[PDB]
Structures are given as structure tokens and as C-alpha cells.
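Using PDB author numbering, the final residue of the first sequence is 484, and nothing's skipped along the way.
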Amino acid sequence: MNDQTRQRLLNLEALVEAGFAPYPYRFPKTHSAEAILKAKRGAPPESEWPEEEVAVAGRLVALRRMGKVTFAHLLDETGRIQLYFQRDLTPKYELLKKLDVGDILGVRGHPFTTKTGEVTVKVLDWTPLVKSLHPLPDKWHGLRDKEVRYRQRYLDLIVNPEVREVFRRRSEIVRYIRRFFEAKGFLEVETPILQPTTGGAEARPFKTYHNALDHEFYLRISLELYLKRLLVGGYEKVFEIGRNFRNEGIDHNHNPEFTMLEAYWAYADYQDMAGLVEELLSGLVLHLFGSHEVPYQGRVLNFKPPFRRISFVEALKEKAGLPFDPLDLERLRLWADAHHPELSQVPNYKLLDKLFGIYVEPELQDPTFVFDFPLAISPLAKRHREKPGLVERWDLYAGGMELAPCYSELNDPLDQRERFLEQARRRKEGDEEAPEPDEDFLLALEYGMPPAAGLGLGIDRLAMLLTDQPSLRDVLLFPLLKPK
RNA sequence: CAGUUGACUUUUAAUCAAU
Ligand SMILES: NCCCC[C@H](N)C(=O)NS(=O)(=O)OC[C@H]1O[C@@H](n2cnc3c(N)ncnc32)[C@H](O)[C@@H]1O
């Protein structure tokens, strides 16, 4: 125990001996800080409302003791509200010197405006709820370090009330997304995180052991496979907003653990789903902001429908400056190895993802559909019905990052199995990201999955745009870090 | 930088003073 910590405890003892309880069970708060401020919006200075009564409760952020009159600022959930104390008015005024900054306080009184004009709660009765054992770090010199801000988000939320509104806005996004799919005739569902075998995307899984069953399971990397099984089952419209786990590095776009949505629509193509996602995201922004304009890192992202639609091949061929057909992997190897020697030990199929990610992805700041992906990098999308080599798939980009991939689902078992067999070769060759074949899934397709359109959507990434954050850790409440 | 210490009956990164 240090000195300051001990000094706080010595003050607690004084308050306990004085008569108060050390840690009360409850406080009957009647008003919130912002509700008082909103009520007296633009009231003239030196006003009073002794008729009215209020009771607030929060944390002491400031404390300006000026002899026989004391001031303070109470920080609740909503905002800051000023307190006023006086000797021949507030009971046990002497014992206000045993309060410290950081303590949780509850007060009763009436509202009034100072000479300056700020709305203030005239304390007629106070109750020390909690005694903080450490000093509050100010915005000035305490919490500027980003990593300490993440480790102690509680401290962050005290110091920076701006951070509070980020996660509130995050919640509203989900609520809107949910209400949409709910009202659009989709069923919310829960699939297991503990899977025996993974599949749905290219990533390395997490592993874990279970004692009762005595077998090594994997953490789910995608929602697809099990939602696909429900389609086979009979459900036509399903969706889920669950946590997924990919054992990979960390950056502004990628985080090992992340929330993401997946909806599925029986007897529909990727065109049908495209119109839905347009209505979703357009209305979402229009609801949140009021315009179709999303501030993100000093840019105005235009979500006015319809969204711009480009082809994967045509866009790459243009912006990468390719004289040949990019689907030709042999010629792309030549071009790549010469122009991009860093993409030498990258496999031939992934060479498209990497090149598209360099030349095309960053230019897509506005919401842009990227229709007609290659077959090489799409194992779960039914083939294109005109151009050979491509599939019915679109990925929605915005802010120079992928939001929502949407295949037109492959329901042919024979085709699917041979793609899983192709995928199984790539793992033997040398590819950690390519998962293994789910045999039970392939069987589920054999019994017959109806033709459908599946959606994916990174909830965390969509948050970053709408909440306007640089890194992904800024839209995660408690990010993962290496302990010490 | 806070805490301590004592001052101070509309201050708002309250101020002065003491260690
Ligand atoms: N059947 C149609 C496709 C279904 C979705 C598909 N199984 C899938 O998971 N695709 S994904 O691209 O791997 O993930 C979908 C979105 O999830 C987001 N995502 C993916 N990996 C991460 C990570 N690591 N962190 C955060 N967000 C992530 C991102 O927006 C992706 O576009």
C-alpha cells in the first residue's frame, strides 16, 4: 500500500466514524446530469428553482474547495454537472474535506444558475457512496498512452466521455441491422463456436481441448457452414450476429476476435441480396446521420443509392495495367514476379487477392460493389452463367476495406467436393489459411440445399466507418493484448 | 505531477501559501 492510497482510506474512516456507511447498497437518483442541463437550456444567470428538487449520482471529477463555499463537478453516465456547497446550508460541510476526486457521490438539492450562467445543483444533502483509492488521471497528462487506454478502458471511459458515445453508436448500428433483418422475415439463430472442423473462409483456427468428451475442438472461423445446414433443414431465411475467431495477426482492419453477421436467403441470387444490402446500409447511414454522408478520416463517403458497381477483372486489368487476361495465372506469375518481387512466394490463386488489394481496393472509398470474382479465390460460389472462369460473387468495399462478401451459394455437392479436394491439395502444397473439408457439410449438400444467396458482414469494420475510428481497437470495448 | 499542510461565503485546469 502506497501513501496516497492509504490517505484515501484514512478519509473513509473519518466518514464512517462521522456517521456515514462505508459502502451503501443503493442511492435513489431521480435526475440525470444532461436532463437537468436540457431542462434549463439557456436560463439567465443568478436564477433559482427552489420549488424543484433533484437527486443525482456520479463520480467527483473536479473539487474546488474555497473555504466556506465549495464547488465540484459530478460526472454521471450522461455528462458533467456542477455542485455547490455552503457552510450554513449544506449539512456536515466540514466533512466535505474528507471527500476526494474520484469518489462516487450522491446528492439531493435544487437547480440554480451561477453568476457566470452555468447550471448548478445546490447541495442540500450528500451521501458518500464509494471511496476511490487512487487519483483520477486527467486528460492533461494521465491517459494519452493508447495501450494503457485499452488495458484500463474503465479509466478511459472516466477521462474521455467522448469514448462512451462510440460504443453507444455501435449498439444502435446492430439494433438497426437486427430490426431490419427481423422485419425482413429472417430468423435469428445461434450456431456453435466449438466446432469439430472449420470452414467458410481462409484463415488459421484456434484450438482447444474438452475433458468430458476428450477431443480437440476448433473455434469457429465463420457462420456459413451451419447456416447452410439450416437451409437444407427447411428454414428459408436465417441470420446470426456472433463472435468468430481467426488465429492471425492484428492491424487496423484485422483482429483475432471479431463480431460479424451472416444472413441466408433461400431461392434467391446474389442480385436479390445486393438490393437488400443497399437498402440496409443506405437507410442505416440516413438514420444515423440524416444525410447519406459518412465522415471518415477527413473524407465524405457517399452512401446515396444506387451504389457503384465494378467488375473484379476489368477493374484490376485497368488499374494494375495488365495487357493480358488476369485469369491466366501463368502470365500473371510472369508479370507479378517482375513488377512485384515481394509477391514471389505468394501462391498463384491468391495472387489475385493481393494485386486487387494493392491496385483497386484503396481507391474504393465510397461503397462499391465488386461483382463477378474469380473462381480461383471463391470456393463456395456457384459458377458465373456467362463468362467462364468467374463466379456469382460480389464484395462490398468502403473506406478502402472489405465489408460484406456475398456469394450466390453453390448447392452442387459434386462441384463443392472437388473444390474442397482442390483446397485440400493447397494445404499439402503449403497454405495454412486454407481449412479442411467438413464431411458432414458435404453430406448435407447431398441431401440437397436449395439455391440461395448468402451474405457476410464485418460488424466491427462497419462500426469503424460510422463511428469514424482509425484502428479496430477503437470500436472494440476491451481489446486483446499480451499480458505482463 | 499530486498529496500533505493552512488560508479563503460564486469559483470553473479556482488562487495563495507551506513541506
Ligand atoms: N456464403 C456467403 C459468404 C459468407 C461469409 C464468408 N464465410 C466469410 O466469412 N467471409 S470473410 O470475408 O472471411 O468474412 C466476412 C467479413 O468479416 C470481416 N472480417 C473477416 N475477418 C476479420 C477479422 N479478422 N477481423 C475483423 N473483421 C473481419 C470482414 O468485413 C469480411 O469481409
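Note that CB positions come from ideal geometry on N, CA and C, so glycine has one too.
Check	Outcome
Buried versus exposed call for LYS146 [16 or more other C-beta atoms within 10 Å across all chains shown]	exposed
Integer Cβ distance of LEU261 from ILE177, believed to fall under 8 Å	7 Å
Cβ-based burial, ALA315 [other Cβ within 10 Å; buried from 16]	buried
Classification of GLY275 by the beta-carbon crowding that lies within 10 angstroms, buried from 16 upward	exposed
Whether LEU281 touches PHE303 by CB criterion (8 Å)	yes
Nearest-angstrom beta carbon gap, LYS228 and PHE373 [assumed within contact, 8 Å]	Not confirmed; about 19 Å, so no contact.
For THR78 and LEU133, the rounded distance between their alpha carbons	24 Å
Where the beta strand (DSSP E) containing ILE241 begins and where it ends	237–245
6 Å CB neighbourhood of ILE241 in its chain, flanking five on each side removed	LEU261
Whole-angstrom C-beta distance between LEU480 and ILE173, which should lie under 8 Å	22 Å between Cβ atoms; not a contact.
Distance between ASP415 and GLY448 (C-alpha atoms, nearest Å)	13 Å
Among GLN297, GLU392 and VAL148, the one whose alpha carbon lies nearest that of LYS484	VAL148
Buried or exposed by the 16-neighbour rule on C-beta atoms within 10 Å, applied to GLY249	exposed
Reduced DSSP category for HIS292 - H, G, I as helix; E, B as strand; rest coil	coil
Which listed residue (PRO379, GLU53 and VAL189) has its alpha carbon closest to that of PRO437	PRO379
Alpha-carbon to alpha-carbon, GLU202 and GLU433	5 Å
Whole-angstrom C-beta distance between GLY109 and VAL123, which should lie under 8 Å	5 Å
Helix, strand or coil at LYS228 according to DSSP, with G and I counted as helix	helix
Given 8 Å, three or more beta-carbon pairs between the stretch 9–18 and the stretch 69–84	no
Contacts around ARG385, its chain only, beta-carbon distance under 8 Å, and the 5 residues preceding and following it disregarded	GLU392
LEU223 versus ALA43 - alpha carbon distance	54 Å
Which of helix, strand or coil DSSP assigns to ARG6	helix
First and last residue of the uninterrupted alpha helix (DSSP H) at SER171	161–183
Sufficient close CB pairs (3 or more, under 8 Å) joining the stretch 318–327 to the stretch 355–362	yes
Nearest-angstrom Cα separation, counted from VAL159 out to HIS141	11 Å
Segment limits, alpha helix (DSSP H) that includes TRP335	329–339
Contact the stretch 449–463 vs the stretch 402–409: 3+ CB pairs below 8 Å	yes
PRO405 Cβ short of 7 Å to ligand 1 heavy atom set	yes
6 Å CB neighbourhood of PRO45 in its chain, flanking five on each side removed	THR113, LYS115 and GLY117
Supposed close pair residue 498, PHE312 - CB separation, criterion 8 Å	In this structure the chain extends from 1 to 484, so residue 498 is not present and cannot be described.
Supposed close pair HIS292, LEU286 - CB separation, criterion 8 Å	6 Å
CA nearest to the CA of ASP337, picked from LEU351, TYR226 and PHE245	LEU351
In DSSP terms, what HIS110 is bridged to	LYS122
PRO413: first and last residue of the uninterrupted alpha helix (DSSP H) it sits in	413–430
Distance between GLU446 and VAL166 (C-alpha atoms, nearest Å)	46 Å
Straight-line Cα distance separating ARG427 from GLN345	15 Å
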